[PDB]
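Heads up, what comes next is one protein chain in two forms, each shown on its own as structure tokens, labelled structure 1 and structure 2.
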Structure 1
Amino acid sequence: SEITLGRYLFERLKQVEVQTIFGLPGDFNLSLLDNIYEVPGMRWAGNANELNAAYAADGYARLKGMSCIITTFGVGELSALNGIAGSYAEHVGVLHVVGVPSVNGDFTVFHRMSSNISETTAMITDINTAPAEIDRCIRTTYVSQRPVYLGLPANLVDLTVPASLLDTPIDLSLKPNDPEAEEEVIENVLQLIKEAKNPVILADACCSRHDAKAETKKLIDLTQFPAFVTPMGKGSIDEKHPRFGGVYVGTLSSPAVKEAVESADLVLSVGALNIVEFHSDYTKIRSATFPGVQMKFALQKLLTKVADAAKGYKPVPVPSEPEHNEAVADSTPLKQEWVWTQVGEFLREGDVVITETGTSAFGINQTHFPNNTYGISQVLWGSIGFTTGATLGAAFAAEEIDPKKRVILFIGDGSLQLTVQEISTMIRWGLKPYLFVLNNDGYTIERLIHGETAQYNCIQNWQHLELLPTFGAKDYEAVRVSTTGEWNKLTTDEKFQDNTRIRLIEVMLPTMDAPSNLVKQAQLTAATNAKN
């Protein structure tokens, strides 16, 4: 019993819970894409461009575990590179499959360019090794949580392989740690906890996706050591935990936090990216690296002895934050510093919260999350326009995990323009995210760094409210809000709290308005001779 190599790839992806395939059709992938619709429960998103398709891929993978984007030779694959690169930077497992031609010259140039931002690459040439090659690409995507480049010649896709190949699972397991090296780490780490009187735990972004979110809460529960998140790790620790201290942003952490960490005699850095760092692939203790000793197992073994070594530690108190705003008049103009606190009131368990590079990125580090809130903020790579695509991907994946689950984007009016057309494919699929667009008449974060009045921080002014209908939506909500009362009236409306249709909320804000600790930040950077 015989299937196409095409069908084999999608059946493989299906087995790793990848239901939606991103990308755009072209000459060298059309035959491959047919196979999607021979595997039940699979779909082609039909993206509005390849850059957006890769951002969506990224989004999808963050929620689902990995993703797949298919493009065409040259024109397709090159359009996606900034997306791929961001996935590489932030450790998101995205399989990039390029349909290529049959098997200035140099048909390999694009393959070499993607090698730079890929964990591994394959150019399938051989119908007989192709199944193992696909399998190795998927494993590597999943386990390494980095993009993988798979070139698939258009003449091999509809060549057939034994269906019973699908009956051996792909091995998604980590290879264990060298016990001796691992025992060394544990030994040392345990010594450091025995000495220290005031350790903190720092959760970085890797908690969620590498499943050490569960190990991280147990370390907290067993130590009662205070626990903070980086902007990227925000959501990794449920924020209603007594020992949650808040978001460590370094120089920009609210004062309590800033010193709270800095005052610590031992830092246990988890998912990181007298200090101990647990990374997915290795760990480091003070200066000494320890390659191969993986956080999953390392941390597992640590939990079994952590109580013992922390016997004596007296739980240090932790930063509270002004959970709620004050009442003010209904006519009060919206300000960023009011909005990110108020956004707390609106979030629920199970929400996916996505914040664009800009004010939104800083803003959300001031918002209280309920438990089981999945944060997405691309603080390392920092490519504006990311979040539009990422919203689509996340909304697909959240659809397949749990329909209840709400997708909430905060995007600047600037950032929206780069990737605006991907709203289209949200609509075509009847996805129902909350698109909060921060209209501050341009690039306010840059206005905050250089050229308050420079023309390159000005943007063409769009009619946000008409985006949805223009892109062909027949069942939607678009609304503008400028005041406290307008915000409250919309967001405490129970109708509105139900992810019942795609919504665009245009949030009218001053041009120079910003979260207070971005504000001060540049009050500090513009008065200083510290420079680049």
Structure 2
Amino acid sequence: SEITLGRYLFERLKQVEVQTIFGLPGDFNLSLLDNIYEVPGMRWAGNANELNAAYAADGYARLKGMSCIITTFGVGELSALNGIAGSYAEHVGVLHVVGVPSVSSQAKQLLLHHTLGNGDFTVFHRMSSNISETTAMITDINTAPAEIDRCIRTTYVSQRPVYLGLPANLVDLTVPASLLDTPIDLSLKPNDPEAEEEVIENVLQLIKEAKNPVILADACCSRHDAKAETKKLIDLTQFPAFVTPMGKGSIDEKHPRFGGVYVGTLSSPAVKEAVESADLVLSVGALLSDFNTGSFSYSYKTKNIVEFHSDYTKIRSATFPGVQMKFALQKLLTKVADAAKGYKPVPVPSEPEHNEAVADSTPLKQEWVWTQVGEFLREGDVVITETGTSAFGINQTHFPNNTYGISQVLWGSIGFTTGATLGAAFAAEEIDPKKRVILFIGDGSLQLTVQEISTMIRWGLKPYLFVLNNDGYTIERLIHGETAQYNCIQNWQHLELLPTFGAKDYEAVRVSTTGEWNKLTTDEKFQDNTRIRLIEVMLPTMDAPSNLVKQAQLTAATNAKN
């Protein structure tokens, strides 16, 4: 019993729970794609372009664990590249498979379409190696199952993009089916016993001594799977728990000990103080980007900083190479309650609010929206926020427990979120058909990736697409050129996007007032994810969350340098 190499690929992906495959067809991958239909459960999204396909592979991997996008040599791959880079930047495990010209076309340097016309078949592979954890350009059938397994493990474990090139002529060759009976090894190796035990004792002593210890969960807590441990640590220690913007959603915001979003100097006065006064910081998965830290504005001076990281740990000035956080946290948690039993709980900053009631005629403002969105959310929602006012405003929104956030704070590619939403809707559907996928995207960002709405429609996916109509690039207007033509956009009939892409069962509604907002969002039928929905949210052109106004200025200054 034998299967095609293409077949093997799809069977392996299914074993790591990839059910939906992203990308676009081309002659160089059509035989490969045939195999998808031979694997029970697997489907082909049918994306509207390769850039959006890669954004969607990203959103899907964030929920599902990993994902796979297939493109065609040259023109498919190169289109995906900004999607792949972003997955790299943000530690998202995306397997990028490219259908390439058969080996005999390559050997004989055929002047083929999608080449640069110089007979170099290695160029695109070479470009992609710059943004991949590892790569394979498969030429040898005898090692190919092993290479694919290597690419999958690396994608899954490292959580970085991997590039797999497959000649069209290789994909139809057979491999023994029994190769599939043995699972890919998807584990990490255990820590060094001595190194890890020294980390533990060290952290344990620091905790025993600390009067005002605080926990801070950042991006890599989320990206590298330490969420269950960080949750236990908060429960067992009762230390105040804070979250960065890039880690929003990785810790539960309705826990009695949750103190807020810390963004250095842009934090609320109570959060800034509760954090910066700590005599011990337990940091989980720091990723200190400009926007994630209010332009590098942390101010603690203390030490007793413990940094947990995927592959090492830092304690004060010391680094412990190879001490991986997931196992180190697991081991820590068996002794942490005793270490902390002398801790008298310091009070945490109290949550923001509810908006006060206002006249129903009151026009919508950014500040009011971000607070209100908290009344709409429920446990288990996926909340996706575009770079722009949306990404900044969500910080102030209070998540129910078990809310999965998606915000590309480091890469910051506008338009990402239309595709991330498609891929998240696919993932959610396979996880739990009642989990809601809720997108906030600006009117400008939508334009770059709008066609991926079509793919959501063709699969009957049912996300909520909040479109923030503020007449252009408000985030950019706040940085430079408040009235510059380059910050304006052609205005679109947003309510027409859905039926134009062929939707038949949908809602498209415009909200301009608090009354319209509330009427829509408190409606029981609206709250159920029974159809795709677009909500055009009319806002003032220069209205922004206060943190964005501050940041816009910090950023402007940085660039103009001297």
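Rigid core (definition): largest C-alpha set, two forms, superposition within 1.5 Å. Along the sequence of structure 1, residues get numbers from 1 upward.
- With the two forms fitted on their core, the C-alpha shifts between the two structures stay under 2 Å for all of 339, 206, 148, 411 except 206.
- Shown in the overlay between the two structures, fitted on the rigid core, is a CA shift at residue 167 smaller than 2 Å.
- With the core held fixed, residue 313 shows a CA shift of 2 Å or greater between the two structures.
- Here residue 523 counts as shifted, since its C-alpha moves by at least 2 Å between the two structures after the core is aligned.
- Once the core is aligned between the two structures, the alpha carbon position of residue 27 differs by 1.4 Å; this is the C-alpha shift at that site.
- Its Cα shifted by 2.0 Å, residue 259 is compared between the two structures on a rigid core fit.
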